[PDB]
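Contents: one structure, followed by commentary.
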Amino acid sequence: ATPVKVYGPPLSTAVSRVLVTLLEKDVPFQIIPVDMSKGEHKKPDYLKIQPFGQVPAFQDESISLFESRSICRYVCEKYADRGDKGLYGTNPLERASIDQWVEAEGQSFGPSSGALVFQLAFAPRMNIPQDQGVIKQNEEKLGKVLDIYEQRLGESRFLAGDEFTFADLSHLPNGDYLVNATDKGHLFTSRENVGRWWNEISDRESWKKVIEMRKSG
Amino acid sequence: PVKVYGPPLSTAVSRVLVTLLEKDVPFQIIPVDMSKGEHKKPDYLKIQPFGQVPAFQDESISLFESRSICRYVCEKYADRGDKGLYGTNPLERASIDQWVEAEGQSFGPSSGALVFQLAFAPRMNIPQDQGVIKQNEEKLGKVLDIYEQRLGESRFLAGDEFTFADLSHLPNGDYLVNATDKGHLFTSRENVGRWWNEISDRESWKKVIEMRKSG
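If you read the protein sequences in the order shown, they are chains A and B.
Following UniProt numbering from start to finish, the first sequence increments by one per residue and tops out at 218.
Following UniProt numbering from start to finish, the second sequence increments by one per residue and tops out at 218.
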């Protein structure tokens with residue numbers, strides 16, 4: 002067996018999703034930078050595996066893939082017998098029950114939380130003005146999603162059931178930025194069940210590893 | 004039979020229906036009249052906690068989110084209908100899945116904003132953001148520029164066979180071409196135009212278009 006290849010910077014939320022999945026699945030990997038300032042995202046050989054010139058990309062001995070969620074589904078299937086065996090289920094019913102929340106994250110939680118972090122953390126870093134109109138509508142949307150999560154997480158320990166799965170994992174990247182790079186952490190802590198869930202999943206050793214990697218590179 | 008909740012005119016509902024037709028799975032449509040707030044009934048929220056459509060029920064499970072429903076159907080009924088719709092092995096499945104994600108992350112948001120602003124907003128006449136329109140038309144054009152390159156090297160997005168990757172584009176694509184003045188986004192592009200001709204010509208999709216009529 003050979004370490005898989007992950008293309009992109011660990012600071013990327015989509016890259017981070019792949020990295021924490023590989024750690025949870027106990028899969029060795031190498032991270033290969035894709036530096037836009039060196040035109041690396043536009044190289045023909047990169048575009049063959051990532052047609053959008055975005056990150057992450059993935060390669061192993063069998064295939065090249067793009068989009069973080071499809072990379073992670075592939076990884077979870079290929080290495081099903083390894084690491085966290087239930088991460089994306091152990092049968093088609095479990096997989097689907099997990100997947101619906103993965104889709105919910107990509108369609109609702111992700112876009113609203115993403116925009117919030119953008120304005121609140123990164124505009125000030127660049128010393129440019131925020132769009133309060135952007136702040137507001139996405140806080141409402143995210144509020145509604147989190148009210149739904151609060152109810153679900155009072156009836157179930159994790160989103161898809163009684164154990165940590167990809168459903169929860171997939172919330173880590175945007176959730177981390179929201180809680181640790183903005184002052185909107187209270188959206189989680191003010192909600193008793195969501196707060197517990199966030200503390201539980203963000204304290205996993207896999208996720209903690211990803212956090213460190215952002216400092217070294 | 005399996006139950007699909009919601010109106011055929013919905014893009015997310017349509018995604019599930021055309022998949023069921025491609026997979027030769029019989030189904031029953033259970034209406035959800037959102038104009039009557041039926042999507043917020045306590046019993047419906049039990050199977051669709053976001054109060055959205057579609058929802059899906061069969062003998063073993065209840066699911067929400069159209070793409071998750073469709074992945075479930077394609078696996079459960081892998082030996083029915085179009086057997087290659089989501090691949091016949093793990094490599095084929097992933098190669099299709101990456102373009103399904105491209106649709107949901109890149110094509111979907113912008114084409115979806117345009118479908119709303121131009122095809123849905125005039126009914127219940129809402130002032131259109133010109134604005135949200137301008138931005139998303141440019142975003143969609145960029146995505147279709149990528150598709151134009153890809154579809155010059157491949158008959159369909161994931162390979163030379165029609166798959167769920169292509170299918171997932173039908174709902175938003177059809178409203179743009181047939182219910183807005185933005186059809187040129189697909190026809191101004193040579194390879195995307197051919198691709199659109201092929202996927203929109205499938206009998207499964209044409210059935211969905213008809214099911215909207217006989218509501």
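Using N, Cα and C, we set each Cβ at its ideal position, and we do this for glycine too.
Buried or exposed, going by whether 16 or more other CB atoms sit within 10 Å of the CB of B:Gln101?
Classification for B:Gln101: buried.
Which residues, in chain order, does the stretch 64–75 of chain A contribute to contact with chain B at a C-beta distance below 7 Å?
Within the stretch 64–75 of chain A, the residues whose Cβ lies closer than 7 Å to some Cβ of chain B are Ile64, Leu66, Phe67, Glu68, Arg70, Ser71, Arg74, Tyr75, listed in chain order.
Against chain B: residues of the stretch 23–56 of chain A by CB proximity under 8 Å:
Those residues of the stretch 23–56 of chain A placed with their C-beta closer than 8 Å to a C-beta in chain B are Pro52, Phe53, ordered along the chain.
Is it buried or exposed, A:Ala2, if we count other Cβ atoms within 10 angstroms and call 16 or more buried?
Exposed, because fewer than 16 other Cβ atoms sit within 10 Å of the Cβ of A:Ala2.
Kindly indicate which three-state DSSP category A:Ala2 falls into: helix, strand or coil?
Here DSSP, grouped into helix, strand and coil, assigns A:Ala2 to coil.
Are the beta-carbon atoms of B:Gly115 and B:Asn175 separated by less than 7 Å?
Closer than 7 Å, so yes.
By a C-beta neighbour count over all protein chains shown, 10 Å radius and 16 as the cutoff for buried, is A:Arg126 buried or exposed?
Exposed, because fewer than 16 other Cβ atoms sit within 10 Å of the Cβ of A:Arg126.
Since A:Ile149 meets chain B, which of its residues come closer than 7 Å, beta carbon to beta carbon?
Contacts between A:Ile149 and chain B, judged by CB atoms closer than 7 Å, involve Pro52, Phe53 in chain order.
DSSP three-state assignment for B:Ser191, whether helix, strand or coil:
Three-state result, B:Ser191: coil.
Excluding the 5 residues flanking residue 1 of chain A on each side, which residues of the same chain have their C-beta closer than 8 Å to its C-beta?
Residue 1 of chain A lies beyond the residue range present for chain A, which begins at 2 and ends at 218; the question has no answer from this structure.
Which residues bound the alpha helix (DSSP H) around A:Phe167?
Counting along the chain, the alpha helix (DSSP H) containing A:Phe167 begins and ends at 167–170.
For B:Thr166 and B:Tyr75, believed in contact at Cβ under 8 Å, the rounded distance
So it is not a contact: roughly 16 Å between Cβ atoms.
Does any C-beta atom of chain A lie closer than 7 Å to the C-beta of B:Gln101?
A Cβ of chain A is located within less than 7 Å of the beta carbon of B:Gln101.
Contacts of B:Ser109 in chain A (Cβ-Cβ under 8 Å):
Those within 8 Å of B:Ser109 in chain A are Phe53.
Would you mind giving the Cβ-Cβ distance between B:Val211 and B:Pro4, rounded to the nearest angstrom? I have them listed as a contact below 8 Å.
Between B:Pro4 and B:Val211 the Cβ distance is about 17 Å, and since that is not below 8 Å, they are no contact.
To the nearest angstrom, how far is it from the Cα of A:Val7 to the Cα of B:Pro45?
Put simply, the backbone Cα of A:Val7 is about 44 Å away from that of B:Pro45.
With three or more C-beta pairs closer than 8 Å as the rule, is the stretch 142–162 of chain B touching the stretch 60–72 of chain B?
Result no; under three Cβ-Cβ pairs closer than 8 Å.
What ranges does the alpha helix (DSSP H) occupy inside the UniProt domain "GST C-terminal" (92–218) of chain B, keeping only unbroken runs of at least 4 residues that lie completely in it?
Positions of the alpha helix (DSSP H) runs, each at least 4 residues long and wholly inside the UniProt domain "GST C-terminal" (92–218) of chain B, are given as 93–105, 111–118, 135–153, 167–170, 173–182, 187–190, 193–203, 206–216 in order along the chain.
What are the residues of the stretch 148–181 of chain B that lie near chain A, defined by any Cβ-Cβ distance shorter than 8 Å?
Correct list: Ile149, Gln152, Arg153.
So, is the C-beta of A:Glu78 closer than 7 Å to a C-beta in chain B?
Using a CB distance cut-off of 7 Å, A:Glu78 counts as an interface residue toward chain B.
Beta strand (DSSP E) containing A:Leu66: first to last residue?
Counting along the chain, the beta strand (DSSP E) containing A:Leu66 begins and ends at 65–67.
By how many angstroms is the C-alpha of A:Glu213 removed from the C-alpha of residue 259 of chain B?
This structure does not reach residue 259 of chain B, given that chain B is present from 4 up to 218, and the question cannot be answered.
Kindly say whether B:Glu104, judged by its beta-carbon, lies nearer than 7 Å to any beta-carbon of chain A.
Yes, B:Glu104 counts as interfacial toward chain A.
Using a Cβ-Cβ cutoff of less than 6 Å, which residues in the same chain neighbour A:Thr190 once the five nearest sequence positions on both sides are dropped?
Only residues of its own chain outside the window of five on either side were considered, and among them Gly196 have a CB closer than 6 Å to the CB of A:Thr190, listed in chain order.
Going by DSSP, name the residue or residues bridged to B:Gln31.
Answer by DSSP bridge pairing, in chain order: B:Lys6.
Closer than 7 Å to chain A by CB, B:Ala97
Output row for B:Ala97: interface = yes.
Using only CA atoms, which one of A:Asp61, A:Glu68, A:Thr14 lies nearest to A:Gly54?
Looking at the Cα atoms, A:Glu68 is the closest of the given residues.
Apart from the five residues on each side of it in sequence, which residues of its chain come closer than 6 Å, Cβ to Cβ, to B:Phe159?
The answer, listed in chain order, is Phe165, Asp169.
Of all the CB atoms in chain E, is at least one closer than 7 Å to the CB of B:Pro130?
Although the question refers to chain E, the structure presented lacks it and instead comprises the protein chains A and B.
Environment of B:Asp85 [buried if 16+ CB atoms lie within 10 Å]:
Answer is buried; the Cβ neighbour count reaches 16.
Buried or exposed, going by whether 16 or more other CB atoms sit within 10 Å of the CB of A:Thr91?
Classified as exposed, A:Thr91 has fewer than 16 neighbouring CB atoms from the shown chains inside 10 Å of its CB.
Hey, how far is the Cα of B:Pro57 from the Cα of B:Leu23?
B:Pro57 and B:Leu23: Cα-Cα distance of roughly 13 Å.
Apply the 10 Å Cβ neighbour rule to B:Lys185 and answer buried if 16 or more other Cβ atoms are within range, or exposed otherwise.
Around the beta carbon of B:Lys185, 16 or more other beta carbons lie within 10 angstroms, which makes this residue buried.
According to DSSP, simplified to helix, strand and coil, what is B:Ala58?
Shown here, B:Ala58 sits in a strand according to DSSP, grouped into three states.
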